């Protein structure tokens, strides 16, 4: 159902986003020792960082149309949050910008696949330096987990 060409392309774009998020986390973890996304979790709720549902890419409710739809709305949310992060800091802005381009490229791809398949279709304010760094750790590790789960499920409706 899903072409191989579409899965190779997903694998490449996903490993790209994931390598960008990793570079961000390792920069935040050695410069300012925000190294454990687990401890910033209750901050996420306060800061307005949702964790987008992917129930249709789970084994319990696995459904192709559903999974594509949630993966796209999830990516579209993240694009917005990364824009609200405003680069985090001068030294972090390039890295954030690559992350944004590569997340956008991946969302274009999932939307075009939904179109080809007939499945047609305000941000938080991060007011302080601590808020932008905690935001970045949470968006970057959330995005990495989100992609791995949706990709394992895209592999199941293979070629």
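Positions refer to the first chain, counted from 1.
In terms of unmodelled positions of the deposited sequence, the stretch from residue 121 to residue 122 in this entry skips 4 to 9 residues. When the two stretches 122-130 and 48-56 are set side by side, the higher mean Cα temperature factor goes to 122-130. Mean CA temperature factor is higher for 59-67 when stretches 101-109 and 59-67 are set side by side in the entry.
Per the PDB record, residue ranking by Cα B-factor puts residue 138 in the highest third of the chain.
Annotation for residue 2: C-alpha temperature factor in the highest third relative to the rest of the modelled chain, per the entry. In the deposited entry, the Cα temperature factor of residue 19 places it in the lowest third of its chain's modelled residues. Residue 158: CA B factor lies in the highest third for its chain, per the PDB record. Split the chain's modelled residues into thirds by C-alpha temperature factor. Residue 42 is in the middle one.
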